[PDB]
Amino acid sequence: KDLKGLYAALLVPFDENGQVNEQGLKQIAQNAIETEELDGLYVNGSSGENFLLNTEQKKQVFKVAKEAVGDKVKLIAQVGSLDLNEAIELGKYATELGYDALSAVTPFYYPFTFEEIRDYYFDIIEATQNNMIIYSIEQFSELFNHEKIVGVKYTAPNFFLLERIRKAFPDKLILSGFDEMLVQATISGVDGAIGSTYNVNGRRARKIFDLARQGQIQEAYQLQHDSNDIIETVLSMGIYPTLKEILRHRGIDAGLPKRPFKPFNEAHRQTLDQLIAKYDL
């Protein structure tokens, strides 16, 4: 699979004890593809509350998400972990399930050197033999020299650096991670995008992407205005519980956020009701 296109960053529903609700998760995954008409799912990224999960729950998410959608759906498995043994084990498990590529967040918390960051990606690639999507221009170059590093999920909203990476690496995949600047990413030549709000707003996101590349820039930007009202509202109410409340409105068992995230605050119910009416969410 060419990995171009638009991906929902897959949300995960939990019960009160922080266990995955598998029925709700299957429904969320199918919502992304069938209702929001997206190209694929980005599984166990930050938007999935991945970093709050134990290893067996991560595996549980990968399997459920894979068995919920058809064979033509593009699937990217985020497997980064500060525990490299865990990253490799998740990488092998996702590869065996048939995920089209892995990705891995930059090793964090500790001040890792670039050399340490580089060999963390190279070690995961070596053990899994799958394609890898990563998260400075001389450094990018050394990462992207690797033929199995097919791309970057670019989340730093610096359009100068984006433009430099675009031109420097015309043949690698660039997927942007900032929903609220989709139209700017699009005219900057990204090959697609990954976003949490595409779970509820993937149809507008598609129009933004398509229309911007078709020269219809005013129309794409108007839809960005509309999408940015939604994104701003959802951010102000607590992004992941509120996205899942919007889904729950659709009859989906969207459950609860995993503690220490708190549930949607009902003080926001009226404003959320107004948003959902305004934009037909």
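Note that residue numbering follows the sequence shown and begins at 1.
The stretch of deposited sequence separating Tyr93 from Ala94 contains no residues lacking coordinates in this entry.
As recorded in the PDB entry, 142-150 is the stretch of 142-150 and 169-177 with the greater mean C-alpha temperature factor. The stretch 151-159 shows the higher mean C-alpha B-factor when 191-199 is compared against 151-159 in the entry.
When the Cα B-factors of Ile246, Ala212, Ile239, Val43 are read from the PDB record, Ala212 comes out highest. Sorting the modelled residues of the chain by their CA temperature factor places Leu97 in the highest third. The deposited CA B-factor of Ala267 belongs to the highest third of values across its chain. In the PDB entry, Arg164 places in the lowest third of its chain by CA B-factor.
When the modelled residues of the chain are ordered by C-alpha B-factor, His225 sits in the lowest third. Annotation for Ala32: CA B-factor lies in the lowest third of the chain's modelled residues.
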